[PDB]
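Coordinates from entry_29.cif are shown below (mmCIF, C-alpha atoms).
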data_model
loop_
_atom_site.label_atom_id
_atom_site.label_comp_id
_atom_site.auth_asym_id
_atom_site.auth_seq_id
_atom_site.Cartn_x
_atom_site.Cartn_y
_atom_site.Cartn_z
CA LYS A 28 103.06 107.34 86.31
CA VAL A 29 104.16 103.71 86.73
CA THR A 30 107.50 103.67 88.64
CA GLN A 31 110.77 102.83 86.85
CA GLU A 32 111.19 99.91 89.25
CA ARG A 33 107.73 98.48 88.40
CA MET A 34 108.42 99.05 84.64
CA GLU A 35 111.63 97.02 85.02
CA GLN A 36 109.77 94.17 86.78
CA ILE A 37 107.17 94.08 83.93
CA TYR A 38 110.00 93.91 81.35
CA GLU A 39 111.60 90.92 83.14
CA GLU A 40 108.16 89.24 83.34
CA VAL A 41 107.25 89.67 79.62
CA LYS A 42 110.56 89.38 77.79
CA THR A 43 111.17 86.77 75.11
CA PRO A 44 114.85 86.64 74.05
CA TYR A 45 114.66 83.31 72.11
CA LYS A 46 113.24 83.30 68.54
CA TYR A 47 111.49 80.01 67.76
CA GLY A 48 110.79 81.11 64.20
CA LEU A 49 107.78 81.09 61.92
CA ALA A 50 104.43 79.81 63.16
CA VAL A 51 102.36 80.54 60.07
CA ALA A 52 103.93 81.31 56.69
CA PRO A 53 102.65 81.85 53.13
CA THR A 54 103.47 79.01 50.74
CA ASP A 55 104.11 81.41 47.81
CA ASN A 56 105.09 85.07 47.27
CA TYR A 57 101.55 86.27 46.41
CA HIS A 58 100.17 85.91 49.95
CA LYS A 59 101.09 87.74 53.11
CA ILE A 60 100.09 86.64 56.63
CA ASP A 61 99.72 88.95 59.68
CA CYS A 62 97.78 90.00 62.75
CA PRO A 63 97.70 87.06 65.14
CA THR A 64 95.13 86.70 67.86
CA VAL A 65 95.71 83.63 70.07
CA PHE A 66 93.18 82.05 72.36
CA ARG A 67 92.25 78.73 74.02
CA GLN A 68 89.08 76.58 74.00
CA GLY A 69 89.20 73.30 75.88
CA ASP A 70 92.90 72.45 75.66
CA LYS A 71 93.19 73.50 71.99
CA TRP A 72 95.01 76.68 71.04
CA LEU A 73 93.47 78.78 68.25
CA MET A 74 94.95 81.66 66.19
CA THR A 75 93.05 83.98 63.89
CA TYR A 76 95.14 85.79 61.28
CA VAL A 77 94.71 87.90 58.17
CA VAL A 78 95.81 87.01 54.67
CA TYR A 79 96.45 89.58 51.88
CA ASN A 80 96.44 87.78 48.51
CA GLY A 81 98.96 89.85 46.61
CA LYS A 82 102.75 90.41 46.35
CA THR A 83 102.58 94.19 45.89
CA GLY A 84 100.52 97.13 47.17
CA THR A 85 97.87 96.83 44.46
CA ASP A 86 97.72 93.29 43.03
CA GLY A 87 95.70 91.66 45.81
CA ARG A 88 92.01 91.99 46.50
CA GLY A 89 92.44 92.63 50.24
CA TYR A 90 92.19 90.96 53.63
CA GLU A 91 90.45 87.74 54.62
CA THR A 92 90.58 86.25 58.09
CA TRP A 93 91.61 82.64 58.65
CA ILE A 94 91.94 80.38 61.70
CA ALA A 95 94.60 77.85 62.65
CA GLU A 96 94.86 75.37 65.47
CA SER A 97 97.68 74.05 67.74
CA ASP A 98 98.24 71.65 70.58
CA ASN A 99 101.54 73.20 71.75
CA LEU A 100 101.46 76.93 70.79
CA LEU A 101 104.37 76.32 68.34
CA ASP A 102 103.13 74.00 65.59
CA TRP A 103 100.07 75.34 63.77
CA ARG A 104 97.59 73.92 61.26
CA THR A 105 95.38 76.22 59.15
CA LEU A 106 91.72 75.25 59.16
CA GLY A 107 90.09 77.72 56.73
CA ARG A 108 88.39 81.09 56.63
CA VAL A 109 86.30 82.78 59.33
CA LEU A 110 85.79 86.19 57.53
CA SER A 111 85.64 85.98 53.75
CA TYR A 112 85.22 88.54 50.96
CA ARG A 113 81.65 89.63 51.26
CA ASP A 114 80.25 90.59 47.80
CA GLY A 115 77.65 93.39 47.70
CA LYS A 116 78.50 94.80 51.16
CA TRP A 117 80.54 97.75 52.55
CA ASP A 118 83.41 95.45 53.43
CA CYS A 119 83.46 93.44 50.18
CA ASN A 120 87.27 93.63 49.65
CA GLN A 121 88.78 94.00 53.19
CA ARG A 122 87.82 91.63 56.02
CA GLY A 123 90.62 91.54 58.65
CA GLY A 124 89.44 90.35 62.05
CA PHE A 125 90.38 90.49 65.71
CA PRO A 126 88.42 88.43 68.21
CA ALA A 127 86.85 90.35 71.09
CA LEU A 128 86.32 90.03 74.78
CA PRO A 129 89.50 88.06 75.54
CA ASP A 130 90.23 87.07 79.15
CA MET A 131 92.76 89.86 79.90
CA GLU A 132 94.38 88.13 82.87
CA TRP A 133 98.16 87.84 82.31
CA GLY A 134 98.90 84.12 82.42
CA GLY A 135 95.21 83.29 82.82
CA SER A 136 92.73 81.23 80.84
CA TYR A 137 93.27 82.92 77.45
CA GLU A 138 89.67 82.11 76.67
CA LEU A 139 87.33 84.38 74.71
CA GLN A 140 84.28 85.45 76.67
CA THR A 141 80.66 85.36 75.54
CA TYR A 142 78.05 88.09 75.66
CA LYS A 143 74.36 87.44 74.86
CA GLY A 144 75.29 83.85 74.05
CA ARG A 145 77.72 84.85 71.30
CA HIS A 146 81.43 85.28 70.70
CA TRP A 147 82.39 88.63 69.17
CA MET A 148 85.03 90.08 66.84
CA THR A 149 85.90 93.46 65.40
CA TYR A 150 87.56 93.92 62.04
CA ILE A 151 89.27 96.15 59.44
CA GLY A 152 86.59 96.54 56.76
CA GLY A 153 86.53 98.36 53.42
CA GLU A 154 85.60 98.33 49.78
CA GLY A 155 88.99 99.24 48.25
CA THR A 156 91.28 96.61 46.76
CA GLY A 157 95.03 96.45 47.31
CA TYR A 158 96.90 96.50 50.56
CA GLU A 159 94.96 98.11 53.44
CA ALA A 160 93.90 101.70 52.66
CA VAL A 161 95.73 102.22 49.35
CA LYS A 162 92.48 102.43 47.23
CA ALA A 163 89.92 103.45 49.87
CA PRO A 164 89.70 104.00 53.62
CA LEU A 165 89.21 101.29 56.25
CA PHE A 166 86.50 101.37 58.93
CA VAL A 167 85.79 99.28 62.09
CA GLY A 168 83.33 96.44 61.58
CA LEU A 169 81.58 94.15 64.07
CA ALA A 170 81.13 90.38 63.78
CA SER A 171 79.80 87.65 65.94
CA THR A 172 78.99 83.95 66.03
CA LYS A 173 76.88 81.44 67.95
CA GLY A 174 79.09 78.70 66.43
CA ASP A 175 82.03 76.74 67.68
CA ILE A 176 84.99 79.21 67.56
CA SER A 177 87.43 76.30 67.02
CA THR A 178 85.93 75.69 63.52
CA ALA A 179 86.55 77.43 60.21
CA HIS A 180 83.03 78.76 59.68
CA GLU A 181 81.86 82.24 58.67
CA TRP A 182 81.13 84.66 61.50
CA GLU A 183 78.13 87.01 60.97
CA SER A 184 78.64 90.68 60.38
CA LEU A 185 76.78 93.99 60.37
CA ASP A 186 75.81 95.73 57.16
CA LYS A 187 77.34 99.03 58.35
CA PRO A 188 80.61 99.73 60.15
CA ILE A 189 80.38 100.38 63.90
CA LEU A 190 82.92 103.23 63.65
CA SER A 191 83.93 105.13 60.58
CA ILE A 192 85.97 108.24 59.63
CA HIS A 193 82.75 109.87 58.29
CA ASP A 194 80.95 109.77 61.63
CA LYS A 195 79.79 113.19 63.01
CA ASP A 196 81.75 112.41 66.19
CA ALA A 197 85.00 111.27 64.48
CA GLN A 198 88.10 112.92 65.95
CA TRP A 199 91.24 114.40 64.31
CA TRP A 200 93.46 111.37 65.02
CA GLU A 201 91.25 108.91 63.08
CA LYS A 202 90.13 111.05 60.03
CA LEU A 203 92.29 109.29 57.41
CA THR A 204 91.43 105.62 58.06
CA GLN A 205 90.92 103.23 60.93
CA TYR A 206 93.16 100.25 61.42
CA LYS A 207 93.30 97.42 64.11
CA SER A 208 90.75 97.41 66.99
CA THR A 209 90.19 95.12 70.01
CA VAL A 210 87.21 95.32 72.36
CA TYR A 211 87.65 94.41 76.04
CA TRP A 212 84.99 93.54 78.67
CA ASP A 213 85.78 95.88 81.61
CA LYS A 214 83.86 94.44 84.59
CA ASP A 215 84.89 97.44 86.68
CA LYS A 216 83.47 100.04 84.17
CA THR A 217 86.69 102.05 84.67
CA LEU A 218 85.62 104.50 81.89
CA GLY A 219 81.84 104.32 82.50
CA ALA A 220 81.09 101.49 80.07
CA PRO A 221 81.46 97.70 80.09
CA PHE A 222 82.95 97.57 76.55
CA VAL A 223 86.22 99.33 75.86
CA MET A 224 87.75 99.46 72.42
CA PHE A 225 91.41 100.16 71.87
CA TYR A 226 92.10 101.04 68.23
CA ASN A 227 94.69 102.74 66.04
CA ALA A 228 93.94 105.12 63.19
CA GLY A 229 95.67 107.67 60.93
CA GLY A 230 95.32 111.46 61.21
CA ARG A 231 97.12 114.73 61.35
CA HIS A 232 98.05 116.47 64.57
CA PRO A 233 96.13 119.79 64.87
CA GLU A 234 99.18 121.69 66.22
CA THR A 235 102.06 120.30 64.10
CA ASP A 236 100.26 118.97 61.01
CA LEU A 237 102.28 115.75 61.40
CA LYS A 238 100.66 112.67 59.92
CA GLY A 239 100.87 109.38 61.85
CA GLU A 240 99.00 106.46 63.51
CA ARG A 241 97.96 106.75 67.07
CA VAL A 242 95.95 104.81 69.67
CA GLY A 243 92.58 105.77 71.12
CA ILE A 244 89.57 104.44 72.97
CA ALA A 245 85.88 104.00 72.11
CA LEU A 246 83.17 103.00 74.55
CA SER A 247 79.90 100.99 74.42
CA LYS A 248 77.18 99.49 76.59
CA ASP A 249 75.89 96.99 73.93
CA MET A 250 78.67 96.34 71.31
CA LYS A 251 76.62 98.18 68.67
CA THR A 252 76.59 101.86 69.67
CA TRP A 253 79.97 103.54 70.30
CA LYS A 254 81.21 106.89 71.66
CA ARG A 255 84.81 108.12 71.35
CA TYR A 256 86.72 108.80 74.55
CA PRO A 257 86.82 112.58 74.77
CA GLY A 258 90.52 112.52 75.74
CA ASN A 259 91.66 110.67 72.58
CA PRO A 260 94.28 109.84 71.44
CA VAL A 261 95.57 108.20 74.66
CA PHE A 262 98.92 106.96 73.31
CA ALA A 263 101.08 108.31 70.53
CA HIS A 264 104.65 109.05 69.50
CA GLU A 265 104.93 112.32 67.63
CA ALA A 266 107.22 112.30 64.63
CA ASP A 267 106.60 112.53 60.87
CA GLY A 268 104.88 109.39 59.64
CA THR A 269 105.53 107.43 62.90
CA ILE A 270 103.14 104.58 63.62
CA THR A 271 102.03 103.53 67.05
CA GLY A 272 99.59 100.69 67.01
CA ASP A 273 98.09 97.28 67.45
CA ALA A 274 97.49 97.80 71.14
CA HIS A 275 97.17 94.47 73.00
CA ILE A 276 96.28 94.85 76.69
CA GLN A 277 96.63 92.36 79.55
CA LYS A 278 96.02 92.93 83.25
CA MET A 279 98.87 91.93 85.55
CA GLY A 280 97.86 92.43 89.14
CA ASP A 281 96.70 96.02 89.59
CA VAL A 282 98.45 97.23 86.39
CA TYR A 283 97.50 97.11 82.68
CA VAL A 284 100.26 96.32 80.22
CA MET A 285 99.91 97.42 76.63
CA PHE A 286 101.94 95.50 74.14
CA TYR A 287 102.23 97.68 71.01
CA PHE A 288 104.27 98.11 67.84
CA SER A 289 105.86 101.16 66.40
CA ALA A 290 107.28 101.84 62.95
CA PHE A 291 109.28 104.76 61.47
CA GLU A 292 110.23 105.98 64.95
CA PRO A 293 113.33 108.23 64.54
CA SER A 294 114.98 107.02 67.83
CA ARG A 295 115.37 103.44 66.48
CA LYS A 296 117.81 102.24 63.76
CA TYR A 297 115.42 99.50 62.76
CA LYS A 298 112.16 100.28 60.99
CA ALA A 299 109.57 98.44 63.11
CA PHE A 300 109.54 96.80 66.52
CA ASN A 301 107.52 95.79 69.59
CA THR A 302 107.68 97.24 73.09
CA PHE A 303 105.19 98.00 75.87
CA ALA A 304 103.59 100.60 78.04
CA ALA A 305 101.74 100.36 81.35
CA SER A 306 98.86 102.19 83.09
CA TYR A 307 96.68 102.01 86.23
CA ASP A 308 93.73 103.86 84.62
CA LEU A 309 93.66 102.85 80.89
CA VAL A 310 94.25 106.49 79.79
CA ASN A 311 97.69 107.65 81.00
CA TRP A 312 100.37 105.32 79.67
CA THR A 313 103.98 105.10 80.85
CA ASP A 314 106.29 103.93 78.03
CA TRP A 315 109.03 101.35 78.65
CA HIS A 316 112.44 103.06 78.89
CA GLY A 317 114.64 100.02 78.05
CA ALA A 318 115.39 97.63 75.17
CA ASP A 319 112.57 96.87 72.81
CA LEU A 320 110.90 93.46 73.25
CA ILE A 321 111.07 92.31 69.62
CA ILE A 322 113.38 93.77 66.98
CA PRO A 323 114.69 92.71 63.53
CA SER A 324 117.59 90.30 64.09
CA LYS A 325 117.12 87.17 61.88
CA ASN A 326 116.84 86.52 58.15
CA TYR A 327 113.12 86.06 58.31
CA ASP A 328 112.36 89.35 60.28
CA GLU A 329 115.16 91.54 59.03
CA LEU A 330 112.94 94.48 57.89
CA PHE A 331 110.02 94.53 60.34
CA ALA A 332 109.56 92.47 63.57
CA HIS A 333 106.33 93.83 64.82
CA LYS A 334 102.71 93.55 66.04
CA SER A 335 101.99 91.53 69.19
CA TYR A 336 100.02 88.83 70.77
CA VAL A 337 101.46 87.44 74.01
CA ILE A 338 100.55 84.27 75.89
CA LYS A 339 102.01 83.27 79.23
CA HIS A 340 101.32 79.56 79.81
CA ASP A 341 102.96 76.94 82.05
CA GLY A 342 105.82 79.23 83.02
CA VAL A 343 106.77 80.27 79.46
CA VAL A 344 106.01 83.53 77.59
CA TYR A 345 105.16 83.25 73.89
CA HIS A 346 105.28 86.48 71.91
CA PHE A 347 103.59 86.13 68.50
CA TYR A 348 104.57 88.79 65.94
CA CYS A 349 104.59 89.60 62.24
CA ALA A 350 107.94 89.00 60.56
CA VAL A 351 108.81 90.81 57.34
CA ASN A 352 112.13 90.52 55.48
CA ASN A 353 113.84 92.67 52.81
CA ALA A 354 112.03 90.71 50.06
CA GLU A 355 108.84 91.80 51.89
CA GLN A 356 107.71 88.27 52.54
CA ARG A 357 105.30 88.42 55.46
CA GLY A 358 104.29 85.86 58.08
CA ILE A 359 103.73 85.26 61.77
CA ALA A 360 106.66 84.18 64.05
CA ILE A 361 107.17 83.41 67.72
CA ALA A 362 109.68 84.40 70.39
CA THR A 363 109.82 82.75 73.87
CA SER A 364 111.16 83.41 77.37
CA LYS A 365 113.32 80.21 77.27
CA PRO A 366 114.47 78.18 74.28
CA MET A 367 111.59 75.95 72.97
CA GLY A 368 113.38 74.60 69.88
CA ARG A 369 113.31 75.93 66.33
CA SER A 370 110.58 76.18 63.74
CA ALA A 371 110.78 74.00 60.65
CA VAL A 372 108.66 76.53 58.69
CA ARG A 373 110.38 78.68 56.06
CA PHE A 374 109.30 81.45 53.70
CA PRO A 375 109.35 80.43 50.02
CA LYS A 376 112.42 81.31 47.99
CA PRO A 377 112.16 85.08 47.44
CA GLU A 378 111.59 86.47 43.95
CA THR A 379 114.50 88.01 42.09
#

Could you quickly redo this structure as C-alpha cells?
Amino acid sequence: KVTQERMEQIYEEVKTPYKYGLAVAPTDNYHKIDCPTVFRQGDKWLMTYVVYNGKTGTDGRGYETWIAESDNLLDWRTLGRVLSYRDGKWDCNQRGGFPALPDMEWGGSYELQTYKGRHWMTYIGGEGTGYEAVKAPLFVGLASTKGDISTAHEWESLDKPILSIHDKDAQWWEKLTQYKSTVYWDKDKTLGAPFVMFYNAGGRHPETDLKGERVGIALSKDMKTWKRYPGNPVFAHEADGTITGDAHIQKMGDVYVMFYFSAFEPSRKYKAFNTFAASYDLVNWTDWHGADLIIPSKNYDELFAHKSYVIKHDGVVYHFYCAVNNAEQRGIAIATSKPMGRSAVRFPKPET
C-alpha cells in the first residue's frame, strides 16, 4: 500500500485546477472526438485521437484515428487520418488507436519508443457499426509503422486481433468486449515480460453477477503473442454498471501512477470523472482518497469530464481529457496546473 502521505504528494504534483478549454472539437454535431494520446518528436507535439462520425448511438459507421500537431500543447491543428476504415477486414468499421511504448517517465521526454525499427500502436477494432460495441463486440488490434509518426499516413495493421473475447484464455472480466489498451516497454521485466498491456474490458463479476468495466494486464515478449495476467483484473470498482478505465501509467521516481477515469460510480454526484491510483508493483493499486482530478464544472464538460492523458513539461502539468455536455457534444479539452489562458475553440451550436 502506498502511504496516505505519498498519495497526497502525488496529488499535489499532478493536479490541474485551471481549465484552458477545448483543444480539439468537432465542427458539426455529427462527429464526436475522444481518446487523446500526446507525444513529442523533435520539438513538435503530436496528439492521436478518435473520431466517431455520428450524432447518435447508431447513425455513425464507427471509429477512425486522426492525428493533430501543436507547438505549444494548447493550440492544435488536425493533419489527417492514421487509422482509417479498413474494408474487407475484421476491423472494417471500428479503428480507434492508442500509440504504444511511450516514455513513461513523469516529466520526461514524452517520446514514443521504437522496437524492431518501428513505432507501434494498439487499437479498438471491430466490424459493427454505431458507437463502440452497440452492434458487435470490440477486440484489441495491433498496428505499426516505419514512417514518420508526425505525418498523417496510414499505419499497418494485422489481419487478426491480438486479443479477443473469443480466445480460449479470455477471462471473466473481458468476456463482453474489449475497450482501450496501451502497451508499455518494461525494461525491468517486473511481470516477466518486456511488453505490458494495460486494458479495460466489460464483464460480469463471478460472485455478484454485477456488470461493469475493469482494468487488467496482458503480457508479451514480441508484441504479437499475448498471455493474460493470471491475477486479472488488477483494478476495479464494484458497483452495478460502474466503469473503471482508460488506464494511463507514468513512472514518478520509484512509484507508478495510474491516471484513470470512472463513470456511474455511486459515491460521486457527477456521472464521469478522472482521478488516480498508485502502485510499486503494477498489480496492487492504492486509490486516491481525495478530490477527483477532473470533474464536470463548465458548460462544455457538464455531463462527462473524463479520460486522461497527462504531460508535465517546463514546470506545468497539462491534463488532456474528453469533455461531454448535456447535448452530448464530445471533444478533447485541457486543464493545467497554473492558468495558461483560455481556448478560443467552441462546440457548434447544439441541436434543439

To one decimal in Å, tell me the separation between CA of residue 323 (chain A) and CA of residue 290 (chain A).
11.8 Å

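Going from CA of residue 111 (chain A) over to CA of residue 123 (chain A), you cover 8.9 Å.
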
Evaluated on this file, the PyMOL selection byres ((chain A and resi 61) around 9) picks out some residues - which ones are they, written as number ranges by chain?
A: 51, 59-60, 62-63, 76-79, 334, 348-350, 357-359

Test item: residues at most 9 Å from region 97-99 of chain A, only C-alpha atoms, excluding those fewer than 5 positions along its chain, as number ranges by chain
A: 70-74, 104

In the coordinate frame of the file, compute which residues have an atom within 8 Å of (107.0, 92.4, 64.3) when using all atoms listed in the file, and state them as a VMD selection string.
chain A and resid 288 299 to 301 321 to 323 328 331 to 335 348 to 351

Where does the PyMOL selection byres ((chain A and resi 44) around 6) land in this file, that is, which residues does it pick, as a short mmCIF file (atom, residue, chain, number, x, y, z; two decimals) with C-alpha atoms, in the frame of the given file?
data_model
loop_
_atom_site.label_atom_id
_atom_site.label_comp_id
_atom_site.auth_asym_id
_atom_site.auth_seq_id
_atom_site.Cartn_x
_atom_site.Cartn_y
_atom_site.Cartn_z
CA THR A 43 111.17 86.77 75.11
CA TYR A 45 114.66 83.31 72.11
CA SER A 364 111.16 83.41 77.37
#

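Among the candidates A:262, A:53, A:65, A:284, the one nearest to residue 137 (chain A) when counting only C-alpha atoms is A:65.
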
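For residue 46 (chain A), the residues within 7 Å (counting all atoms listed in the file, excluding itself and residues fewer than 6 positions away along the chain) are residues 361, 362 and 363 of chain A.
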
List the neighbours of region 193-198 of chain A out to 9 Å using only C-alpha atoms; skip same-chain residues closer than 4 positions along the sequence, and give me the result as a ChimeraX atom specification.
/A:202,230,254-255,257,259-260

C-alpha atoms of the current selection, written as a PDB file, in the coordinates of the input:
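result_34.pdb written:
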ATOM      1  CA  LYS A 202      90.130 111.050  60.030  1.00  0.00           C
ATOM      2  CA  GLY A 230      95.320 111.460  61.210  1.00  0.00           C
ATOM      3  CA  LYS A 254      81.210 106.890  71.660  1.00  0.00           C
ATOM      4  CA  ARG A 255      84.810 108.120  71.350  1.00  0.00           C
ATOM      5  CA  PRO A 257      86.820 112.580  74.770  1.00  0.00           C
ATOM      6  CA  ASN A 259      91.660 110.670  72.580  1.00  0.00           C
ATOM      7  CA  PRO A 260      94.280 109.840  71.440  1.00  0.00           C
TER       8      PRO A 260
END

When you draw a straight line from CA of residue 126 (chain A) to CA of residue 39 (chain A), how long is it in Å?
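The value is 27.7 Å.
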
I'd like the neighbourhood of region 338-340 of chain A as a VMD selection string, where a residue qualifies if any of its atoms comes within 6 Å (using all atoms listed in the file), though same-chain residues fewer than 4 positions away should be ignored.
chain A and resid 134 344 to 345

Show me, as a tab-separated table, the residues of region 72-171 of chain A having an atom within 8 Å of region 184-187 of chain A, each with the closest atom pair and its distance in Å, using only C-alpha atoms.
residue	atom	partner	partner_atom	distance
A:116	CA	A:186	CA	6.6
A:117	CA	A:187	CA	6.7
A:168	CA	A:185	CA	7.1
A:169	CA	A:184	CA	5.9
A:170	CA	A:184	CA	4.2
A:171	CA	A:184	CA	6.4

Around region 36-45 of chain A, fit a box with edges along x, y and z, padding it by 4 Å on each side, then list its centre and edge lengths in Å to one decimal as lines of an AutoDock Vina configuration file.
center_x = 111.0
center_y = 88.7
center_z = 79.4
size_x = 15.7
size_y = 18.9
size_z = 22.7

Translate the PyMOL selection byres ((chain A and resi 353) around 9) into a concrete residue list for this structure, as a list in words.
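This file gives the following for the PyMOL selection byres ((chain A and resi 353) around 9): residues 326, 327, 328, 329, 330, 331, 351, 352, 354, 355 and 356 of chain A.
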
So which residues fall inside 10 Å of (101.8, 107.7, 64.9) if we count only C-alpha atoms? Mind giving them as a PyMOL selection string?
chain A and resi 200+227-232+237-242+262-272+289-292

Kindly output region 61-81 of chain A as a compact mmCIF listing (two decimals), keeping the file's coordinate frame, after building N, CA, C and O atoms.
# COMPACT_ATOMS: atom_id res chain seq x y z
N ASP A 61 99.49 87.97 58.60
CA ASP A 61 99.72 88.95 59.68
C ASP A 61 98.64 88.85 60.76
O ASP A 61 97.67 88.06 60.65
N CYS A 62 98.82 89.63 61.81
CA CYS A 62 97.78 90.00 62.75
C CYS A 62 97.25 88.82 63.55
O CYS A 62 96.08 88.52 63.45
N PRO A 63 98.14 88.11 64.28
CA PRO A 63 97.70 87.06 65.14
C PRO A 63 96.86 87.46 66.34
O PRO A 63 97.17 88.46 67.04
N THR A 64 95.83 86.67 66.60
CA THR A 64 95.13 86.70 67.86
C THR A 64 95.07 85.26 68.36
O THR A 64 94.54 84.39 67.65
N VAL A 65 95.62 85.02 69.54
CA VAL A 65 95.71 83.63 70.07
C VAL A 65 94.81 83.47 71.27
O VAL A 65 94.79 84.30 72.18
N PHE A 66 94.07 82.37 71.26
CA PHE A 66 93.18 82.05 72.36
C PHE A 66 93.02 80.53 72.54
O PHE A 66 93.50 79.76 71.74
N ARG A 67 92.35 80.15 73.62
CA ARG A 67 92.25 78.73 74.02
C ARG A 67 90.77 78.35 74.18
O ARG A 67 90.01 79.11 74.74
N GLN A 68 90.39 77.18 73.69
CA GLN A 68 89.08 76.58 74.00
C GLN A 68 89.31 75.11 74.25
O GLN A 68 89.84 74.43 73.38
N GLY A 69 88.88 74.64 75.42
CA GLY A 69 89.20 73.30 75.88
C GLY A 69 90.68 73.31 76.20
O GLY A 69 91.13 74.16 76.98
N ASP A 70 91.44 72.40 75.61
CA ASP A 70 92.90 72.45 75.66
C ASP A 70 93.53 72.73 74.29
O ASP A 70 94.74 72.60 74.14
N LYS A 71 92.70 73.13 73.32
CA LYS A 71 93.19 73.50 71.99
C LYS A 71 93.50 74.99 71.92
O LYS A 71 92.67 75.81 72.33
N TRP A 72 94.64 75.31 71.32
CA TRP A 72 95.01 76.68 71.04
C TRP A 72 94.55 77.07 69.63
O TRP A 72 94.71 76.32 68.67
N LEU A 73 93.98 78.27 69.51
CA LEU A 73 93.47 78.78 68.25
C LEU A 73 94.15 80.12 67.92
O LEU A 73 94.55 80.81 68.84
N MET A 74 94.42 80.36 66.63
CA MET A 74 94.95 81.66 66.19
C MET A 74 94.17 82.13 64.99
O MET A 74 94.14 81.48 63.96
N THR A 75 93.56 83.31 65.11
CA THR A 75 93.05 83.98 63.89
C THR A 75 94.17 84.82 63.32
O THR A 75 95.05 85.23 64.04
N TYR A 76 94.17 84.95 62.00
CA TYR A 76 95.14 85.79 61.28
C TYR A 76 94.56 86.31 59.95
O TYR A 76 93.55 85.81 59.47
N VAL A 77 95.18 87.36 59.42
CA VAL A 77 94.71 87.90 58.17
C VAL A 77 95.67 87.48 57.04
O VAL A 77 96.88 87.29 57.25
N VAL A 78 95.10 87.30 55.87
CA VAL A 78 95.81 87.01 54.67
C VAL A 78 95.50 88.15 53.65
O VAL A 78 94.33 88.50 53.39
N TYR A 79 96.54 88.67 53.05
CA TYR A 79 96.45 89.58 51.88
C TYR A 79 96.95 88.78 50.69
O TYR A 79 98.03 88.17 50.79
N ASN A 80 96.17 88.72 49.62
CA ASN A 80 96.44 87.78 48.51
C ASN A 80 97.10 88.44 47.32
O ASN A 80 96.68 88.27 46.17
N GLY A 81 98.16 89.18 47.62
CA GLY A 81 98.96 89.85 46.61
C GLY A 81 100.42 89.89 47.05
O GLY A 81 100.71 89.73 48.23
